[PDB]
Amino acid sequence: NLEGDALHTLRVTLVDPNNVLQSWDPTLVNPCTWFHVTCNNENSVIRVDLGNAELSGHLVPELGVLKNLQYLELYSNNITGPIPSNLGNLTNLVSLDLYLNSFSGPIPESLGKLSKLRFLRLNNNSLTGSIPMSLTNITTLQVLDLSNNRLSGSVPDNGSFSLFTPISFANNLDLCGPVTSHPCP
């Protein structure tokens, strides 16, 4: 189905030395029987659990097709390149755990459209740029870790970010704001 095709596309662009994705048979009608993939009672993907898999490579925009996805766990890997903007199309997403990877480039502004997100852990990456203000519009956000990145600019202090401590934004290139020592220009 569409969901299986999207996950297969991810498999093709990922480097998988331990063959953790060997169960990912595209000829199966649904990806639900695949290991590391969990489906709901309507057989739609709700969880992808691929942390500490020694996975290398790049993510694909086609992850955005998984509308009912709630947990995306791709942490403790060497996945490189940008965080796809289409991850913003994952409306039902509750967890985005891309931490302990080599992701580079900006944090997409699209991630603000994740209305139900409770966890955003993008820590221990090489992400650059400013923290999108859209993330303040995520009312459900309870855990944020953008630490150990190369991010720069103003740190938002409003909405969800109102509650966030300095530990979330630690060890970044040039973060200015109230949470940081350095006040903004």
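The first residue of the shown sequence is 1; numbering continues from there.
Comparing 2 to 10 with 176 to 184, the stretch with the higher mean C-alpha B-factor in the PDB entry is 176 to 184. Of the two segments, 52 to 60 and 155 to 163, the one listed with the higher mean B-factor is 155 to 163 (C-alpha atoms only). Take 27, 139, 33, 70 and read off each C-alpha B-factor from the entry; 139 has the highest.
Among the modelled residues of its chain, residue 105 has a C-alpha B-factor that falls in the lowest third according to the deposited record. In the deposited entry, the Cα temperature factor of residue 22 places it in the highest third of its chain's modelled residues. For residue 134, the recorded CA temperature factor ranks within the highest third of the chain's modelled residues. Among all modelled residues in this chain, the alpha-carbon of residue 76 has a temperature factor (C-alpha) in the lowest third.
Split the chain's modelled residues into thirds by C-alpha temperature factor. Residue 117 is in the middle one.
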